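For reference, the structure is listed below as structure tokens.
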Amino acid sequence: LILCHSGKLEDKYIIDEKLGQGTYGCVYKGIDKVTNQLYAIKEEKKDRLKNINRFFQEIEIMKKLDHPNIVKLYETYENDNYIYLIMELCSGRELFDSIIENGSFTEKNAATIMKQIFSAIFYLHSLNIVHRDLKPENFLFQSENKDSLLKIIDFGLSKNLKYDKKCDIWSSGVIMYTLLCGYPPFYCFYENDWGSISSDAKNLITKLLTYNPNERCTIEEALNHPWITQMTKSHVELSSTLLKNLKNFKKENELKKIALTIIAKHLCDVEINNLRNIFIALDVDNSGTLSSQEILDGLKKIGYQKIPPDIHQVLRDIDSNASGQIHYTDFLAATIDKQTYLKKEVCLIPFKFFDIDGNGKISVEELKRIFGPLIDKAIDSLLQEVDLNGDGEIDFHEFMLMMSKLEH
Ligand SMILES: [Ca+2]
Ligand SMILES: [Ca+2]
Ligand SMILES: [Ca+2]
């Protein structure tokens, strides 16, 4: 769902502010002229080929990622001198900012952070991706709120395909050590600030910072370490419409399904952070994806005894999909409620994405790009149901009606 454009960036976005300076170019705050959504825009100067090759390597990696702790990539632009990434806008709050102010984290609060970092590494490694550059500067809190999740915001040195995995593990140990005592390691040495920190924490740090890569613990081992399990131990409460929406998602038309996915991608950390929190609570192996078993066990834990046949059908649909699991954004798309999304300002977001040339109408050529043969069948069915004009295209009024109709 991540398209590349060749037009002028500034035709779609207002550049509202410069946010900072990266190694390969600046980052700006951008505002979509039509939807008024805010993004971070990462500018990468195509000055040298070694760098240019990194830029596209990063783009190909980021297209694969969908995780609560990983920054979203929405689209890209490219001209002669630059490549631009249109990305999720986070806060400017760095991981160690509170240490500058208040000192070292408590172990409970440090564990909350480490669980998120470990989960992201696990997710990446499970995709056969190594980050290779997990320095503290590559993280940002998604918002200024104290409840904010942490996000990895840069994948410039990441590689799709180990000694590399062990380096990611090592990097996480450096961060953990710093969170707990307020200074970096080697500038495992437990001294005046460590006299009060738990033996569980020391043991984990010891496993993460093992000098010989081959004796270093795996990401699975870190996640299952007593320090993580004990300190972050907490019960899950479904929303009132969650299961209804979940079982209904599959029967929606293909355009509405994509629209909900785009909407979910924009609201995940605010309007629907309830659903995000439910996803995370259900994902007990912290893999960033849900198996049918996680959902079943989760429901049983909640109090459901005899699972209704229509929920069993959802479970089987998950088992039998592309992989046997449901991704983070797909779960959000399937659970989000019309009370949240059925608003012109929200629905305009996916409409503007579909309406590539900004015509005000979605054409067949645009749908052909959107739907990745029998794809022509789907487009035909779509237009038969949605094009109440007969003009062969979908305008915003027709789109809003499609989003609001109850009949499958
Ligand atoms: Ca999982
Ligand atoms: Ca158009
Ligand atoms: Ca029409």
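Residue numbers run from 1 in the order of the sequence given.
In this model, a donor atom of one side chain and an acceptor atom of the other lie less than 3.5 Å apart for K45 and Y82. Side-chain contact, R276 with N273: no donor N or O sits under 3.5 Å from an acceptor N or O. A donor-acceptor pair shorter than 3.5 Å cannot be found between the side chains of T335 and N245. For the residue pair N128 and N160, no side-chain donor N or O sits within less than 3.5 Å of a side-chain acceptor on the partner. Side chain to side chain, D283 and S287 meet the donor-acceptor criterion of an N or O pair below 3.5 Å. Inspection of the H225 and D200 side chains reveals no N or O donor paired with an N or O acceptor under 3.5 Å.
A salt bridge links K12 with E75; the closest basic N to acidic carboxylate O contact falls under 4.0 Å. Using a 4.0 Å cut-off between charged side-chain N and carboxylate O, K151 and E88 make a salt bridge. A salt bridge does not link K368 with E365: every distance from a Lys NZ or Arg NE/NH1/NH2 to an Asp or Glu carboxylate oxygen is 4.0 Å or more. Using a 4.0 Å cut-off between charged nitrogen and carboxylate oxygen, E254 and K257 count as a salt-bridge pair. With respect to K159 and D164, no salt bridge is recorded, no charged nitrogen being found less than 4.0 Å from a carboxylate O. In this structure, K361 does not pair ionically with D355, as no charged nitrogen and carboxylate oxygen lie closer than 4.0 Å. Contact check on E44 versus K42 returns a salt bridge, with a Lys/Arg side-chain nitrogen under 4.0 Å from an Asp/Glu carboxylate oxygen.
Aromatic ring pairs are classed by plane angle as parallel below 30°, tilted from 30° to 60° and perpendicular above 60°; the pair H5 and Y77 is parallel. The aromatic rings of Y183 and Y177 lie perpendicular to each other, with more than 60° between the two planes, well past the 30° mark.
Ring-centre distance between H131 and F155: below the 6.0 Å cut-off. You'll find the ring centres of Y74 and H266 inside the 6.0 Å limit.
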Using residues 396-408 as the side-chain source, report each donor-acceptor pair under 3.5 Å to any protein atom, sequence neighbours left out, with the distance given to one decimal.
from	atom 1	to	atom 2	distance (Å)
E398	OE1	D395	N	3.0
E398	OE2	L388	N	3.0
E398	OE2	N389	N	2.9
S404	OG	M400	O	3.4
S404	OG	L401	O	3.2
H408	ND1	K251	O	3.4

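A side-chain hydrogen bond (donor to acceptor under 3.5 Å, both in side chains) with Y28 holds for exactly one of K18, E17, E43; it is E43.
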